[PDB]
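There is one chain below, alone, in C-alpha cells, taken in the form deposited in one PDB entry.
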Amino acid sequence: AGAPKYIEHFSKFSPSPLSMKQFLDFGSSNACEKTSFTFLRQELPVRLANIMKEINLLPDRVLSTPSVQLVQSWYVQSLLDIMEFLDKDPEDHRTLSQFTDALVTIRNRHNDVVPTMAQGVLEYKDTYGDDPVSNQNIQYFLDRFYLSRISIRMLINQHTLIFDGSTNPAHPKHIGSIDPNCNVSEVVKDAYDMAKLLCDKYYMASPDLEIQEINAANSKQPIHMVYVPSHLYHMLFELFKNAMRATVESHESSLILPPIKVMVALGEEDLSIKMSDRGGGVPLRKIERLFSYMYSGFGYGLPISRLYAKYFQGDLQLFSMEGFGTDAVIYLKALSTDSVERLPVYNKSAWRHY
C-alpha cells in the first residue's frame, strides 16, 4: 500500500549506530521525548527498509514459506505504521503519545519474530530437503537478520521504557534496558541459578559455580559496567546450559561433578567473562557447527548469544580441548563510549553473498 516506494527510499540510507553513552544521553536530562521521536521516525524506517531489501534477496523457495511470508508482512506493516508520523508535529504531545503507542504495537507484533523466522527455515527444510545448517545463504542472512532485529528491539525498548510514564518501573535505576551500574557477577549468578534450576529437574545433579574477579586497576572493587543486563543474561544462560549439559553427560557419576569456573576480568579496554568446564570438549572441526542455525535448543541459542556480544563491539568465542573441556569467553567493551552498535547495512558487499 505504497510499501515498495518507502522500502526503496529508506533502503538508500546507512543505519546510524549509537554508543551505549549516546543511548544514555537520549534517556537523560540532556535529551527529551521530542529528540527520541525525531531520531526514531527516520532511523526505524532506515533499519526496517535495509533488512527488508535483504529478506527479498532470499532464494524463492525460502521466501515463499508461510512463516517467512508472515514475518515479511509484519515488517511491511511496521514500516507503514511509522510513515503515518513523517509529517506530524514533534511539538504536539499527541504526536509523541501516539508514536509511543505505535512502537508498543510494533514490539508486540514482532514479539515472536525469532522462532517464526526459524519455523520458515524448517518449513523450507521439510518441503525441499536442503539442510539449512549447510546452506551458506540462509546462515549469512540469519546472522544479519537477527542482528538487525536485536538493534530494532533495542531502539524500541529504549523509547517505550523511558517515555512510557511507566506507573511502577521494573528496575527503577535503569535507563530503559541499560543498567549504568551493572554488577556483572550478579548477572552471572542469576544466569547460573536459572540454568541450575533446569539442570536439577532433568539430571538431578548440577555442577557448582565458582566465580573469580580480577579488577586490574582496583583489586578489591566489585566489577560494574554500563550494559544491557538482559543481553548479558541471555548469553550467560545459554553458556551455562551447554557447560552443565556437557559436564553431566561426560561424567559416569552425578556424585562429584567438576564445578563450572567463571572469571570476570576488568581491563582498561575489555570486560572479559570466561566460563570453563570439564565437560569432555568438542573436536576443533565441529566448533563451527555449534554456531550454525538449526544444527541437530531451538537451533539458535548459541549463534544469537554471539550476536548479542557482537552488537556492542564485543564477541563470544569458544575454545575447546577434546577429551578435557571447553572455555567460552564473552568479550565486552569496558567503556560506554567504545560500546557502539554493530549494524548490518544493505550494500554491494551484502548483495554479492545472495
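For clarity, a rigid core is taken as the largest C-alpha set superposing within 1.5 Å between two forms. All residue numbers refer to positions in the sequence shown, first residue = 1.
Among other compared entries that model residues flanking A170, a third or more give it no coordinates.
Not even a third of the other compared entries skip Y293; each one keeps it along with the residues on either side.
The gap between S296 and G297 holds 10 or more unmodelled residues of the deposited sequence.
The stretch with the higher mean CA B factor, choosing between 39-47 and 287-295, is 287-295. Averaged over Cα atoms, the B-factor as recorded in the entry is higher for 79-87 than for the other of 79-87 and 262-270. Per the deposited record, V133 carries the highest C-alpha B-factor of all listed residues (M235, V114, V226, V133). Considering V121, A216, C182, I152 together, the PDB entry gives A216 the largest C-alpha B factor. In this PDB entry, the Cα temperature factor of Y192 sits in the middle third of its chain's modelled residues. The deposited CA B-factor of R342 belongs to the middle third of values across its chain. Ranked against the other modelled residues of its chain, the C-alpha B-factor of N56 as given in the entry falls in the highest third. Among all modelled residues in its chain, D126 ranks in the middle third by Cα B-factor.
When all modelled residues of the chain are sorted by CA temperature factor, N242 is found within the lowest third.
Although not depicted, the form deposited in another entry is the subject of the following passage.
Lining up the core between the shown form and the other one shows that one residue from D131, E269, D200, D193 moves its Cα 2 Å or more, and that residue is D131. Relative to the superposed core, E210 shifts its CA atom by less than 2 Å between the shown form and the other one. Relative to the superposed core, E91 shifts its CA atom by 2 Å or more between the shown form and the other one. Remark: with the core as the superposition reference, the CA shift of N181 between the shown form and the other one stays below 2 Å. Relative to the shown form, the Cα atoms of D130 and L290 move together by 3 Å or more in that other deposited form.
One change in that other deposited form concerns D131 and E238, whose Cα atoms lie at least 3 Å farther apart than in this form.
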